[PDB]
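A quick write-up on the structure given underneath.
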Amino acid sequence: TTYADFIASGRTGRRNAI
Amino acid sequence: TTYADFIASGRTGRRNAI
Amino acid sequence: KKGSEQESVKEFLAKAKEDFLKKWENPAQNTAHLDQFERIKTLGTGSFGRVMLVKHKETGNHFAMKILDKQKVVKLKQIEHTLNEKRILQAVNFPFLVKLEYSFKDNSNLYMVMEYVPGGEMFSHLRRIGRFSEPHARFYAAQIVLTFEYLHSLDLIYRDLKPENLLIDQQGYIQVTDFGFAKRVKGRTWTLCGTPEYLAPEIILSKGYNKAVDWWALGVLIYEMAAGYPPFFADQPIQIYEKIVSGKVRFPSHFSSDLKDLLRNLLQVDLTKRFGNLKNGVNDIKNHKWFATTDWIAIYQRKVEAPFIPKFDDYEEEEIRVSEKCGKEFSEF
Amino acid sequence: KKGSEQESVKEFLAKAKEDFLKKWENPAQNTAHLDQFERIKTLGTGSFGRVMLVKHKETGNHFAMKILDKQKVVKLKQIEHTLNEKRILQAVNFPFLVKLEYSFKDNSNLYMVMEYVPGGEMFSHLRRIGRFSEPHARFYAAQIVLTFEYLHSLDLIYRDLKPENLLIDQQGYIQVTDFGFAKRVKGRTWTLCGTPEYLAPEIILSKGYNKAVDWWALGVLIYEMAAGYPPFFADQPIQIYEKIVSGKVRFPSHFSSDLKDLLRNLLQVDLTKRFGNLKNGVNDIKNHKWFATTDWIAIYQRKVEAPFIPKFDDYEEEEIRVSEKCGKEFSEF
């Protein structure tokens, strides 16, 4: 888990609800 | 269309392919 | 002191609960009316409708007006959610909840006018600044703690805490917004909701849940505020769930020891063991070492200097169309 | 001059095509071997495998090693895509394509060793810096133009241009990476692919397409490079498609006039009318007013000073497991 892997995911923007 | 609306979407991170 | 604090909160929470039950049951209906506000500019938009910056003709105050188009809400099946938020919102009253100043409806639309919070959401400052320091994060945590403490005593469970719904105000304080998931529930609930990365292991495991869901959410927050990114994430919710379900976090090394310990008591898979759930509830959180330096009454009073304080083509205007329309459905508004 | 340039490119493209056909047909197989590189550190990861920073024991050069785990590729059905990228990549040769220095395989894995590009992708600089100025953007556009011009003469169509696959090098130049969509196609193709926001109106309308898809992609790029965000977007691809399909862009006011005009000739829904597709092809792009100041040979030569030049807990290491394994499937590698 880690910075490099998170800023590579698509999930860095506002996340929605379900 | 516009900055305010784009930085509100979920699409500001790396986008994937289909 | 301490005892004396306890004393106070007690008393407070009690009086608070009395006011809340009153409103809860004997509401608030058609407060203002369109014409009494001048239209300054579109702040943002979206399904449901667009959110406007308005100024109250007499009073000269600025509000943020959420305009929900009845028809759209009905189509997207958001009637129940819309009416319950209006309800909760006009009942509640706390230093850190954004305020529902006026509400009204017309042929066409539903209007919710809250207090305008210029600083924006924490989310964006967060991703830009990067990480918040243990102390900056602690200030924000302190505020959420209290809110949850209050919210819960009204049997309400916020069900969607995440940096995106916490806006920063003129004095640097937080304001919790958007309650379209809150529920008054004396017990266990079962609906599946919130944001992936903040979801409690129980919600996804479909067992019914309760207030404890928001204390596990608190843990993700302080974690993402202090780390930069969330303890569980993956591109593809499924994936995420999986990880949340194992309940195996990796704290960054710059964490404190003390912050790890609190985190580990919040990021608890076992409700039995989760901080916030035990006999003492909040107390277990407020007495943690990580918070030793915190003056809670001080914070309830906005008396502490905050660490941060927030300070492109514009929109393409349009026109409150207002032209009964869905009238059966929104009768309770 | 001009004529003389034309002269040159002609000649060049021709010789180029001769080398490409040769490789295309008579490939390149097992170049190096694991043991000959020392393992420095994980640069990133992902399905398929993890991407490592290695240094070539003799040569002392640094490479970026992509390790594909045969089994995983097979499961995610990416055999054909993996073999075609290896193929294209070892055939091509251009100042702005990242280089496939060595390739090999073993019991377990497939290895692709490219040239290490420390600056990272444009995507991130872009979102951080915000907008690129018409001139900064033009430098990058100039490079893509050329690449497309080359790529196309080899009947190849890149099918996924987007800031995310353009990495910035030590001298500020671009390097196009990741060719897992490229196709050698003398004609029209039909497969549906790429990223939502860059997709050409034709791809989604399922009519078969051709080289022109990459000239409409070029238009989105310069647009997102100069605006800050893409000409069509929405949270939910469906939505996006819809908009791309109407072909109704809103240029920001700070755009140039000249940039609007080029954009409007790239963001063309009508292939018949799209710049890049007409008899003259590239020429229509390179002669545009927006590019008047551009020295193309100068750019092909990296002779122009670039405007920008790029300059947290680390990973949790692991172990090339190497332990034939999928051997029929990857025979061509």
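Read-outs throughout are calculated quantities, based only on the coordinates presented, and are distinct from any laboratory measurement. No Cβ is skipped: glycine too gets one built from the backbone with ideal geometry, and neighbour counts run over all protein chains shown.
When all C-alpha to C-alpha distances in chain D are sorted into bins of 10 Å, what percent of pairs does each bin hold, rounded to whole numbers?
5, 24, 33, 25, 11, 2, 0
Take each of the peptides D:66-77, C:227-238, C:54-65, average the number of other beta-carbon atoms within 10 Å over its residues, and list them starting from the highest.
Ranked by mean Cβ neighbours within 10 Å, highest first: C:227-238, D:66-77, C:54-65.
Pull up the DSSP beta bridges for the protein assembly as shown and report the antiparallel fraction as a percent, rounded to 5.
95
Past 25 Å, Cα to Cα, is the threshold; run C:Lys162/C:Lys186; D:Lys211/D:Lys243; D:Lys17/D:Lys211; D:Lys22/D:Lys99; D:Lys183/D:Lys303; C:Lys22/C:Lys57 against it and keep the listed order. Provide the component values of the computation, followed by the final result.
Values: C:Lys162/C:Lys186 23 Å; D:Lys211/D:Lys243 22 Å; D:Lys17/D:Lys211 17 Å; D:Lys22/D:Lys99 17 Å; D:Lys183/D:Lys303 31 Å; C:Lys22/C:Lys57 30 Å.
From C:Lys162/C:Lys186; D:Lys211/D:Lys243; D:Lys17/D:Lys211; D:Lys22/D:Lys99; D:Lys183/D:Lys303; C:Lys22/C:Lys57, over 25 Å: D:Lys183/D:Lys303; C:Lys22/C:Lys57.
For D:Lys328, list the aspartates and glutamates whose Cα falls under 14 Å from its own Cα; do not include residues on the same chain fewer than 8 positions away.
The reachable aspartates and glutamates, counting only those whose Cα sits under 14 Å from D:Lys328, are D:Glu80, D:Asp106.
How many Cβ atoms of partner chains, on average, are near each residue of D:278-291 if near means within 10 Å of its Cβ?
Counting other chains' Cβ atoms within 10 Å and averaging over D:278-291 gives 0.
Where does each of C:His125, C:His152, D:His254 land when they are ranked from fewest to most other beta-carbon atoms within 10 angstrom?
D:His254, C:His125, C:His152
Kindly write out, for the stretch D:131-144 in residue order, the coupling ³J(HN,Hα) from the Karplus curve 6.51 cos²θ - 1.76 cosθ + 1.60 (θ = phi - 60°), rounded to whole Hz, with x marking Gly and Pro.
Values, residue by residue: 9, 10, 7, 2, x, 5, 5, 5, 5, 5, 5, 4, 5, 4 Hz.
Using θ = phi - 60° and the Karplus form 6.51 cos²θ - 1.76 cosθ + 1.60, what ³J(HN,Hα) does each residue of the stretch D:301-306 get, whole Hz, x for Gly and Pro?
Each residue of the stretch D:301-306 in turn: 9, 6, 8, 10, 4, 7 Hz.
Could you tell me the distance between the Cα centroids of the stretch C:309-329 and the stretch D:111-159, to the nearest Å?
Here the answer is 40 Å between Cα centres.
Treating cross-link reach as a plain straight distance, find the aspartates and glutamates whose alpha-carbon is under 13 Å from the alpha-carbon of D:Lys105, omitting any fewer than eight places away in the same chain.
D:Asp35, D:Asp69, D:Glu324, D:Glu329, D:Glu332
Out of residues 5 or more away from C:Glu121 or on other chains, whose amide H comes under 5 Å of its own, with H placed 1.01 Å from N in the peptide plane?
Answer set, sorted by chain and number: C:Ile168.
Show the residues, 5+ positions off or on another chain, whose built amide H is closer than 5 Å to the amide H of D:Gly49.
D:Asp69
So what are the ³J(HN,Hα) numbers for the stretch C:169-178, from phi and the Karplus equation (6.51, -1.76, 1.60; θ = phi - 60°), rounded to whole Hz, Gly and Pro as x?
Values, residue by residue: 8, 5, 10, x, 8, 8, 9, 7, 10, 6 Hz.
Provide the FRET efficiency to the nearest 0.05 for the C:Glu242-C:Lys15 pair, computing r from the beta carbons and using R0 = 51 Å.
0.70
What is the average number of partner chain Cβ atoms found within 10 Å of a Cβ in D:226-237?
Whole-number average of other-chain Cβ neighbours for D:226-237 is 5.
Could you check how many percent of all C-alpha pairs in the stretch C:244-308 are farther apart than 19 Å?
On the way: 959 of 2080 pairs.
The calculated P(r) of the stretch C:244-308 puts 46 percent of pairs beyond 19 Å.
Straight-line reach only, C-alpha to C-alpha below 14 angstrom: list the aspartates and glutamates that C:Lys207 could link to, leaving out same-chain residues fewer than 8 apart.
The reachable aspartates and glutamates, counting only those whose Cα sits under 14 Å from C:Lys207, are C:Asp270.
Sequence-distant or interchain residues sharing an amide H contact under 5 Å with C:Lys55, placed H: which?
For C:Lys55, whose amide H was placed from the backbone, the distant partners under 5 Å are C:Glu38, C:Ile40, C:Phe63.
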